[PDB]
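J.: So that we are looking at the same thing, I have put the structure below in structure tokens.
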Amino acid sequence: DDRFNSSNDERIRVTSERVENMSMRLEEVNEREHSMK
Amino acid sequence: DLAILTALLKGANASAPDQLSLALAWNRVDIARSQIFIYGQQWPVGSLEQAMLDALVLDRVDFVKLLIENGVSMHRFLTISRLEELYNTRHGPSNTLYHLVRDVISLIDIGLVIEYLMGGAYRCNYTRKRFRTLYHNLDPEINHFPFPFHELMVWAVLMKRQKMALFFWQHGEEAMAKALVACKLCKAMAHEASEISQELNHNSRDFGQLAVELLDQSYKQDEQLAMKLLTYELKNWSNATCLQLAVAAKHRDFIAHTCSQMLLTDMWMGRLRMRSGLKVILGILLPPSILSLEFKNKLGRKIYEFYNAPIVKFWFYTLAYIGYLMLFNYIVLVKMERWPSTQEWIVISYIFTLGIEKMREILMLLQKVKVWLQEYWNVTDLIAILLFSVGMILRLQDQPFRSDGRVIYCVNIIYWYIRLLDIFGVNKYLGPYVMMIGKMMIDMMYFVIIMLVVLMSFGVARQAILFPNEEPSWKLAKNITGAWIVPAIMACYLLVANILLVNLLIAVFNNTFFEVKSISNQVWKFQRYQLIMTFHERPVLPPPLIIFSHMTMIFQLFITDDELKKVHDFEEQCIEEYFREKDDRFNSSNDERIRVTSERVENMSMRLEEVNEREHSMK
Amino acid sequence: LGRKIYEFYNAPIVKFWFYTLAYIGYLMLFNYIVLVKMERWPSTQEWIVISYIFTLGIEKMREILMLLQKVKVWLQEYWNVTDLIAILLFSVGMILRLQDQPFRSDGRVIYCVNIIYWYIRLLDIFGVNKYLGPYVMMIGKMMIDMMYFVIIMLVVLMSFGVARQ
Ligand SMILES: Cc1ncsc1COc1ccc2c(c1)N(C(=O)N[C@@]1(CO)CCCNC1)CCO2
Ligand SMILES: Cc1ncsc1COc1ccc2c(c1)N(C(=O)N[C@@]1(CO)CCCNC1)CCO2
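Protein chains in written order, with the deposited numbering: chain X, 1232 to 1268; chain H, 464 to 567, 578 to 611, 651 to 707, 714 to 793, 796 to 818, 883 to 948, 954 to 1069, 1109 to 1184, 1206 to 1268; chain L, 883 to 948, 954 to 1052.
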């Protein structure tokens, strides 16, 4: 398991969906900030 | 969350040297780096020294790194007594020291162990007369080593603490001497423990790879100073030069580097600049014509230098052999009168002189004879002179014996011819090929065994059917009813002689070339050094005239201090550059640029959701 | 001591070097009972060479004992089969040795033809060495291809020979 989860082939695939999740949360934070403004 | 858990125990009291001792005990260097070594900490005298001692005895890398980074100077720390305490500890992981002590604890005994491990005429600094009389007790600077990193390097290698060895190598002066001495000691302890071994072979391969790289950088930066580093005589490591320590550790890669081959070629040409064969043979064959060539610069003497160029000795020491193989042939294909003719007295004599030089080389006892008999050509030479000798004293009898005399000479001429090979070895193309012929022979012997088995079987069957009544006879030994089986089982023999194994031999001498071609290219570039250091030692005169030089015996790069400091700086720039360049080549690769940005991504995501809940509360 | 030795005899490397010196003896005497005259009855070295084949037979069967399943497992590999043929033909020759001349000359025949196999077994003993064994196995594998190209060369050779003759 330690030889598996240190390889590049998982370190890319998890961080891709982490990136898209943070982008959608960022735009929801954007519309909340404009409503509070 | 273990750091504040340990900080609870660090906050339990205030004895800061005991706190540093406890931090060394739990073996967590980040805690001492964060909390202990801060501004305004009080320190008594002797606490840092005892802390350094307790850190060195227990295999602590980062603690010794941080204590050296915080005031501890090794030029004021280490004395002879505390180093003796380091060699007499009891906390070692795994050591083979006491076995070497019982095979050869006082430091003079340690120096005897080191001299036994390296071998040769290596005279270590512990066994000098300047260190031995100072050891009688057990200025203020009489127990301090001026170059203490060499002793720390030796203590790191001998007790097998590898990460400490790699740490101690990269500081101080004279890194390549320490690297080659480490490679020699690792290979010696590996062979001695075989006589752990895989670990020591790996460590020898490690220092060995590292030393070669520093040369690669030191050649990649400059050349004229680069040559100086290899040549200078160390005044510390037993009067050796780095190239001799490279060959004496049998490291085939260091000599294989281009700078070593260029230095050997500049040794080979000697005192000339003509960059050869027709000119150097015309120089011998026309002795007044030598003046037209171009010398170096730092008559009546312009010549004596020419005779000492080892390429000259070579072309005037192979013209003497060409003479010997032409006269010896003419003393065999011709009539032999009752006493020996002139060319026989000359051919007998050349073997005579060759014998006295060959023994004199050994003189310059059983260890010397074993080192001389380590390789094969001296052995074959010893047999050859001996049988051109039995034949020599059998020459001087009557006919029954004389005819026998022809025998030995007849059989003895094969070896001198088959030596020519060696002379042909020098050329930059025939030498690798000759080495290959040597390696292929083993396989020739094994398939000779298999072909002998099958040949003897079919021969015994064929000869046993076709001769039924043959009483026991020595005649049978000299050779050693339904005949129609004899043709068929003859033909199948050819079907398993000239079809199956010959084509097996061709298959096994075709898929073995791709490794032996890579091996021989290394072995030739290594063994040029033995040739070049061989002929400085053989006189100028030919072997049928060497009696003058032998009876005259029977009759009865040094550098200064400022260029030395330049050398120590040239090395310093290179060592730091290698580490920096290694780090810049590491941190630019993809395999770190992905792994750091993954955890950067997850950290920003968690901070983003905390910012999200804060923004909704503020809304 | 007094027993320090009996262990030595049970080390299997010992059995090996005292079970291949017995074979070296067998292939030297059998050669000397073929390249020499044969008197009307068998000589001493023939009684010893006949006997070694005799004992080898009883151990080989005893190994099988220790029924058709056992014989099939024993005949799973080839060297027992080749061994079974060899003892059998050094046998037909054994009972054809004991007749008159017309037959005696025939007797020489079988022994003459039978000596090839014992020599070609040596190979196996050579198999133990850590270099000759892989090579012997290779010789065994290459043979198939030898047989196929023997077939092709036989076709072409027979054609040109029939035309020329
Ligand atoms: C030299 C010498 N000694 C006695 S008679 C005589 C002259 O015969 C020649 C002529 C040309 C040569 C050599 C010998 N070679 C040679 O001597 N190689 C060494 C060095 O002695 C190194 C290791 C292999 N053997 C010894 C190699 C080929 O070039
Ligand atoms: C042993 C033995 N039996 C009857 S006469 C006799 C002594 O002859 C030798 C001498 C040296 C040997 C062998 C036999 N070998 C051998 O027996 N191999 C085995 C085991 O029996 C395994 C599979 C291949 N064949 C059988 C192989 C090579 O070493």
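Using N, Cα and C, we set each Cβ at its ideal position, and we do this for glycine too.
Give, in chain order, every residue of the region 913-926 of chain L whose Cβ lies closer than 7 Å to some Cβ of chain H.
T.: Residues passing the 7 Å Cβ filter: 913, 916, 917, 918, 919.
J.: To the nearest whole angstrom, what separates the beta carbons of residue 702 of chain H and residue 665 of chain H, a pair I think is in contact under 8 Å?
T.: Within the second sequence, residue 702 of chain H is the residue found at index 190, counting from 1. Within the second sequence, residue 665 of chain H is the residue found at index 153, counting from 1. In fact, because the Cβ distance is near 18 Å, the residues do not count as touching under 8 Å.
J.: Can you give me the start and stop residues for the alpha helix (DSSP H) that residue 959 of chain H sits inside?
T.: Position 370 of the second sequence holds residue 959 of chain H. Residue 959 of chain H -> alpha helix (DSSP H) spans 955-961.
J.: Looking only at its own chain, which residues have a Cβ that is under 6 Å from the Cβ of residue 934 of chain L, when we skip the five neighbours before and after it?
T.: In the third sequence, the residue the question calls residue 934 of chain L occupies position 52. The residues are 908.
J.: Using a Cβ-Cβ cut-off of 8 Å (strictly less than) and excluding sequence neighbours within five positions of residue 494 of chain H, which residues of its own chain qualify?
T.: To locate residue 494 of chain H, count along the second sequence from 1; it is residue 31. Closer than 8 Å at Cβ, skipping near neighbours: 466, 469, 470, 473, 486.
J.: Identify the contact partners of residue 1267 of chain X in chain H, using a Cβ-Cβ distance below 9 Å as the criterion.
T.: For the purposes of this step, residue 1267 of chain X is identified with residue 36 of the first sequence, where counting begins at 1. Near residue 1267 of chain X (Cβ distances below 9 Å), the residues of chain H are 1264, 1267, 1268.
J.: Could you round the C-beta distance between residue 912 of chain H and residue 1005 of chain H to whole angstroms and report it? I think they count as a contact, below 8 Å.
T.: Here the question's residue 912 of chain H lines up with position 328 in the second sequence. Here the question's residue 1005 of chain H lines up with position 416 in the second sequence. Correct: roughly 7 Å between the Cβ atoms.
J.: Taking the C-alpha atoms as reference points, what is the distance between residue 975 of chain L and residue 981 of chain L?
T.: Here residue 975 of chain L corresponds to residue number 88 of the third sequence, with the count starting at 1. Here residue 981 of chain L corresponds to residue number 94 of the third sequence, with the count starting at 1. Each residue's alpha carbon lies about 9 Å from the other.
J.: Is there a Cβ of chain H sitting closer than 7 Å to that of residue 1236 of chain X, yes or no?
T.: To locate residue 1236 of chain X, count along the first sequence from 1; it is residue 5. Chain H, which has no Cβ nearer than 7 Å to the Cβ of residue 1236 of chain X, makes this no.
J.: Per DSSP, what kind of secondary structure is residue 1234 of chain X in: helix, strand or coil?
T.: Your numbering for residue 1234 of chain X matches position 3 in the first sequence. In this structure, residue 1234 of chain X counts as coil in the three-state DSSP scheme.
J.: Establish whether the CB of residue 1167 of chain H and some CB of chain L are separated by less than 7 Å.
T.: Here residue 1167 of chain H refers to the residue found at position 539 of the second sequence. For residue 1167 of chain H, the answer is no, since every Cβ of chain L falls outside 7 Å of its Cβ.
J.: Residues of the region 1053-1067 of chain H in Cβ contact with chain L at a cutoff of 9 Å, in chain order, please.
T.: Per Cβ criterion, the list reads 1053, 1054, 1056, 1057, 1058, 1059, 1060, 1061, 1065.
J.: Any beta-carbon of chain X closer than 7 Å to the one on residue 1243 of chain H?
T.: Position 594 of the second sequence, counting from 1, holds the residue named residue 1243 of chain H. Interface residue, yes.
J.: Shortest alpha-carbon distance to residue 802 of chain H belongs to which of H:896, H:785, H:958, H:818?
T.: On the second sequence, residue 802 of chain H is found 282 positions in, with the first residue counted as 1. Ranking the options by Cα distance to residue 802 of chain H, first place goes to H:896.
J.: In the DSSP assignment, find the alpha helix (DSSP H) that holds residue 948 of chain H and state where it starts and stops.
T.: Indexing the second sequence from 1 puts residue 948 of chain H at position 364. No alpha helix (DSSP H) contains residue 948 of chain H, which DSSP labels as neither H nor E.
J.: Verify the CB distance criterion: does residue 1110 of chain H have a CB-CB separation below 7 Å to chain L?
T.: The residue you call residue 1110 of chain H lines up with position 482 of the second sequence. Closer than 7 Å to some Cβ of chain L, the Cβ of residue 1110 of chain H qualifies, so yes.
J.: Between residue 891 of chain L and chain C, is the shortest Cβ-Cβ distance under 7 Å, so that the two count as touching?
T.: As a matter of chain content, chain C is missing from the structure shown, whose protein chains are X, H and L.
J.: Taking C-beta pairs closer than 8 Å, name the residues in chain H that residue 1255 of chain X reaches, listed in chain order.
T.: On the first sequence, position 24 is the one that residue 1255 of chain X refers to. In chain order: nothing, as chain H lies at least about 11 Å away.
J.: Could you check where the alpha helix (DSSP H) with residue 1153 of chain H kicks off and where it finishes?
T.: Locating residue 1153 of chain H in the second sequence gives position 525, counting from the first residue. Residue 1153 of chain H -> alpha helix (DSSP H) spans 1141-1163.
J.: Does the beta-carbon of residue 718 of chain H have 16 or more other beta-carbons within 10 angstroms, so that it is buried, or is it exposed?
T.: On the second sequence, residue 718 of chain H is found 200 positions in, with the first residue counted as 1. Classification for residue 718 of chain H: buried.
J.: Relative to the C-alpha of residue 771 of chain H, which residue among H:1150, H:1211, H:887 is closest?
T.: Position 253 of the second sequence holds residue 771 of chain H. The option with the nearest alpha carbon to residue 771 of chain H is H:1150.
J.: Could you give the residue range of the alpha helix (DSSP H) that holds residue 731 of chain H?
T.: Translated into positions along the second sequence, residue 731 of chain H becomes position 213. Where residue 731 of chain H is concerned, the enclosing alpha helix (DSSP H) stretches over 715-739.
J.: Quick check: does the Cβ of residue 1012 of chain L come within less than 6 Å of any heavy atom belonging to ligand 2?
T.: Mapped onto the third sequence, residue 1012 of chain L falls at position 125. Result yes, Cβ under 6 Å from ligand 2.
J.: For the region 1126-1154 of chain H, which residues have a beta carbon sitting closer than 9 Å to at least one beta carbon of chain L?
T.: Within the region 1126-1154 of chain H, the qualifying residues are 1127, 1128, 1129, 1131, 1132, 1135, 1136.
J.: For a test of the three-state rule: what should DSSP assign to residue 1215 of chain H, helix, strand or coil?
T.: If you number the second sequence from 1, residue 1215 of chain H lands on position 566. Looking at residue 1215 of chain H - three-state DSSP - the assignment turns out to be helix.
J.: At 8 Å on the CB atoms, spell out the chain L contacts of residue 1035 of chain H, in chain order.
T.: By 1-based counting over the second sequence, the position of residue 1035 of chain H is 446. Simply 1018, 1019, 1022.
J.: Buried or exposed: which applies to residue 1001 of chain L, given that a residue is buried once 16 or more other Cβ atoms fall within 10 Å of its Cβ?
T.: For the purposes of this step, residue 1001 of chain L is taken as the residue at position 114 of the third sequence. It counts as buried.
J.: Which word fits residue 721 of chain H, buried or exposed, when buried means at least 16 other C-beta atoms lie within 10 angstroms of its C-beta?
T.: Residue mapping note: residue 721 of chain H aligns to position 203 of the second sequence, counting from 1. Classification of residue 721 of chain H: buried, given that the 10 Å Cβ count is 16 or more.
J.: Can you tell me the Cα-Cα spacing of residue 733 of chain H and residue 956 of chain H, whole angstroms?
T.: By one-based count along the second sequence, residue 733 of chain H stands at place 215. By one-based count along the second sequence, residue 956 of chain H stands at place 367. Taking the straight line from one Cα to the other gives about 34 Å.
J.: Provide the residue span of the alpha helix (DSSP H) that contains residue 1267 of chain H, from first to last.
T.: Within the second sequence, numbered from 1, the residue matching residue 1267 of chain H stands at position 618. 1239-1267 is the extent of the alpha helix (DSSP H) around residue 1267 of chain H.
J.: Is residue 965 of chain L close to chain H, meaning its C-beta is less than 7 Å from at least one C-beta of that chain?
T.: For the purposes of this step, residue 965 of chain L is taken as residue 78 along the third sequence, with counting starting at 1. So, not an interface residue.
J.: Count the other CB atoms, across all protein chains shown, that sit within 10 Å of the CB of residue 1112 of chain H; report buried if there are 16 or more and exposed otherwise.
T.: Counting from one through the second sequence, the residue named residue 1112 of chain H turns up at place 484. Exposed, since its Cβ has fewer than 16 Cβ neighbours within 10 Å.
J.: Inspect the beta-carbon positions of residue 752 of chain H and residue 697 of chain H and report whether they are closer than 7 Å.
T.: Sequence index remark: in the second sequence, residue 752 of chain H carries index 234 (1-based). Sequence index remark: in the second sequence, residue 697 of chain H carries index 185 (1-based). Not closer than 7 Å, so no.
J.: Using CA coordinates, which residue listed in H:497, H:501, H:498, H:534 is at the minimum distance from residue 1075 of chain H?
T.: No atoms are given for residue 1075 of chain H, which sits in the stretch of chain H between 1069 and 1109 that the model skips.
J.: Residue 901 of chain H: beta carbon under 6 Å from a heavy atom of ligand 1?
T.: Residue numbering aside, residue 901 of chain H sits at position 317 when the second sequence is read from its first letter. Under cutoff, so the answer is yes.
J.: Hey, how far is the Cα of residue 506 of chain H from the Cα of residue 529 of chain H?
T.: Position 43 of the second sequence holds residue 506 of chain H. Position 66 of the second sequence holds residue 529 of chain H. Cα to Cα, the separation comes out at about 16 Å.
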